[PDB]
Protein chains: 2
Amino acid sequence: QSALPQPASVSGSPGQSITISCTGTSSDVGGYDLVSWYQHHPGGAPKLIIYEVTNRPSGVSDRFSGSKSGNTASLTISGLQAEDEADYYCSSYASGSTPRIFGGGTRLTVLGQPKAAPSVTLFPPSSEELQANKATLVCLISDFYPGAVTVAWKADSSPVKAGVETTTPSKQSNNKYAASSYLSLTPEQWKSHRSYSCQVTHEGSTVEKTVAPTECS
Amino acid sequence: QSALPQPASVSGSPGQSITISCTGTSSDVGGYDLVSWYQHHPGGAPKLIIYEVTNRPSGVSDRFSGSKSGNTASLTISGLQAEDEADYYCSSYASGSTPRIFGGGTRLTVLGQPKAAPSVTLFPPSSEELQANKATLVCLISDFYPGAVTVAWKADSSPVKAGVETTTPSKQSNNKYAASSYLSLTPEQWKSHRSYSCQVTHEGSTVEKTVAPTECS
């Protein structure tokens, strides 16, 4: 059931041609010609737009097309239109105990303004919280576009996932996106390291902020 | 192509069973033995749980069950658990250009979950932030249920409404909610006053936390 990786976000400006990849193995995408693509709007019926790797149902724009190469499959959309914004999913027959596996889905955005890198602000544990036998880190992520980032926390140099909660991006006044994440942990774990960091990747570019336990008065 | 009506949503209490119908026709559900069901959390990869009407991938709990009655298909979930909350979709092979069609999905909610009190963690402005002439107090609200709550700020005991931004609650890893409220203010503002507070009211009960101009960090 392990999701075939798909980029969370893909963007382009009107008239541009875009590509969405679906990565699999030789036990599915790569070993069979049974890949399907679906167009979907949150809280709506998925719509099959490509079956058996390259076949398109009558009624589906010819601007959409499916391809496969090696263990990766792709859905290419040329002449991007505002209406084309949706979530696209891929799926493939699989030889395992699960007949068909799906991709994590890709949210397609049609650029309505230039790409904007995220602003990150990291807040360390407040003494009051520590002096309550509790520790928590907060990482604020605002003003980015398209609305999708990947967040990873680091205990000095090692990534930490347990104890991490990250919200999905929501559109803000200015049309850009905001999101937040926090790392829960013990005061001991906090003082235990040289630092903790919040890494936010956006469109292949990473922004990292750091904090460190500092003994005061 | 043709759709498959499913109830928009359904609910039940722990230990109860539920049924989700997939009203089709002799051209789809009743025309073949190829009905599938999927579990899905918004933003993630759909998981196949029933296929060929009654078959089930091993690894999927036997509490989930698929059946057919003429042109309508059903998903029956025995002894509901909190963990079963998700969106469920059906699909079926179909005559016509489109090989498979899907229902609009049903959102399953599990009632009776235990009420939980939110833990409020109040953060003083970020050093990097204050250093950039900006100041933001962060009131992190986590681990509460149901996901409804109201916030209120105070400056040296007086209500403050300007510069307040409060996000809408979202579920976390556990089946509990998390939300935040932000208070914007200038650094001079942060120093001038002495005690800013964040009052969170969850289900009648009201918890509050406070902060003030630190000294070292």
# chains A, B, ... in the order shown; residues from 1 in each chain; ligands from 1
call {"tool": "calpha_fit_rmsd", "arguments": {"fixed": "chain B", "moving": "chain A"}}
result
10.7 Å
call {"tool": "interface_residues", "arguments": {"of": "chain A", "to": "chain B", "cutoff": "7 Å", "atoms": "only C-alpha atoms", "output": "list in words"}}
result
residues 1, 3, 43, 44, 45, 46, 47, 48, 57, 58, 97, 98, 100, 102, 103, 104, 105, 122, 123, 126, 129, 165, 214 and 216 of chain A
call {"tool": "write_last_selection", "arguments": {"atoms": "C-alpha atoms", "output": "short mmCIF file (atom, residue, chain, number, x, y, z; two decimals), in the first residue's frame"}}
result
data_model
loop_
_atom_site.label_atom_id
_atom_site.label_comp_id
_atom_site.auth_asym_id
_atom_site.auth_seq_id
_atom_site.Cartn_x
_atom_site.Cartn_y
_atom_site.Cartn_z
CA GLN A 1 0.00 0.00 0.00
CA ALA A 3 2.21 5.15 -2.11
CA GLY A 43 -14.71 16.04 -2.15
CA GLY A 44 -15.75 14.98 -5.64
CA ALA A 45 -15.79 11.88 -7.82
CA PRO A 46 -12.39 10.99 -9.27
CA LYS A 47 -12.44 11.04 -13.05
CA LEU A 48 -10.43 8.48 -14.99
CA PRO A 57 -11.50 8.26 -22.92
CA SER A 58 -13.56 10.15 -25.46
CA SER A 97 -0.95 -8.91 -2.38
CA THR A 98 -2.60 -5.59 -3.32
CA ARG A 100 -3.48 -1.94 -7.41
CA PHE A 102 -1.95 4.55 -6.05
CA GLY A 103 0.27 7.61 -6.05
CA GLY A 104 0.16 10.24 -3.32
CA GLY A 105 -1.48 12.68 -5.69
CA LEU A 122 11.55 29.34 14.50
CA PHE A 123 10.49 29.70 18.15
CA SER A 126 9.64 29.11 26.52
CA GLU A 129 7.02 25.63 29.35
CA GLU A 165 2.98 17.81 13.67
CA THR A 214 21.23 28.76 25.87
CA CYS A 216 20.74 32.27 30.97
#
call {"tool": "residues_around", "arguments": {"residues": "residue 25 of chain A", "least_positions_apart": "6", "cutoff": "10 Å", "atoms": "only C-alpha atoms", "output": "PDB file with N, CA, C and O atoms, in the first residue's frame"}}
result
ATOM      1  N   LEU A   4       3.020   5.255  -4.383  1.00  0.00           N
ATOM      2  CA  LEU A   4       3.970   5.508  -5.457  1.00  0.00           C
ATOM      3  C   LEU A   4       4.247   7.007  -5.363  1.00  0.00           C
ATOM      4  O   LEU A   4       3.338   7.826  -5.478  1.00  0.00           O
ATOM      5  N   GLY A  31       6.777  -3.007 -14.616  1.00  0.00           N
ATOM      6  CA  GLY A  31       6.614  -4.340 -15.174  1.00  0.00           C
ATOM      7  C   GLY A  31       5.319  -4.637 -15.917  1.00  0.00           C
ATOM      8  O   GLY A  31       5.129  -5.747 -16.420  1.00  0.00           O
ATOM      9  N   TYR A  32       4.427  -3.653 -16.001  1.00  0.00           N
ATOM     10  CA  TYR A  32       3.147  -3.853 -16.675  1.00  0.00           C
ATOM     11  C   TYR A  32       2.686  -2.579 -17.367  1.00  0.00           C
ATOM     12  O   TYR A  32       3.201  -1.492 -17.100  1.00  0.00           O
ATOM     13  N   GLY A  70      10.674   3.089 -18.211  1.00  0.00           N
ATOM     14  CA  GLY A  70      11.361   2.521 -17.071  1.00  0.00           C
ATOM     15  C   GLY A  70      10.320   2.273 -15.995  1.00  0.00           C
ATOM     16  O   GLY A  70       9.243   1.752 -16.293  1.00  0.00           O
ATOM     17  N   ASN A  71      10.621   2.655 -14.758  1.00  0.00           N
ATOM     18  CA  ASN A  71       9.685   2.451 -13.655  1.00  0.00           C
ATOM     19  C   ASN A  71       8.902   3.712 -13.315  1.00  0.00           C
ATOM     20  O   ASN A  71       8.231   3.779 -12.282  1.00  0.00           O
ATOM     21  N   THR A  72       8.990   4.711 -14.181  1.00  0.00           N
ATOM     22  CA  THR A  72       8.280   5.955 -13.944  1.00  0.00           C
ATOM     23  C   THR A  72       7.295   6.239 -15.060  1.00  0.00           C
ATOM     24  O   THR A  72       7.584   6.006 -16.232  1.00  0.00           O
ATOM     25  N   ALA A  94      -0.378  -4.146  -9.639  1.00  0.00           N
ATOM     26  CA  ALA A  94       0.798  -4.515  -8.879  1.00  0.00           C
ATOM     27  C   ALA A  94       0.726  -6.018  -8.708  1.00  0.00           C
ATOM     28  O   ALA A  94      -0.362  -6.573  -8.600  1.00  0.00           O
TER      29      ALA A  94
END
call {"tool": "atom_distance", "arguments": {"atom1": "atom CA of residue 116 of chain A", "atom2": "atom CA of residue 187 of chain B"}}
result
26.4 Å
call {"tool": "residues_around", "arguments": {"residues": "residue 110 of chain A", "least_positions_apart": "6", "cutoff": "9 Å", "atoms": "only C-alpha atoms", "output": "MDAnalysis selection string"}}
result
chainID A and resid 10:14 80:85 146
call {"tool": "atom_distance", "arguments": {"atom1": "atom CA of residue 151 of chain A", "atom2": "atom CA of residue 164 of chain B"}}
result
25.2 Å
call {"tool": "residues_around", "arguments": {"residues": "residue 196 of chain B", "least_positions_apart": "2", "cutoff": "7 Å", "atoms": "only C-alpha atoms", "output": "JSON, numbers by chain"}}
result
{"B": [154, 155, 156, 194, 210, 211, 212]}
call {"tool": "atom_distance", "arguments": {"atom1": "atom CA of residue 118 of chain A", "atom2": "atom CA of residue 203 of chain A"}}
result
10.2 Å
call {"tool": "closest_residue", "arguments": {"among": "B:192, B:75, B:38, B:52", "to": "residue 18 of chain B", "atoms": "only C-alpha atoms"}}
result
B:75
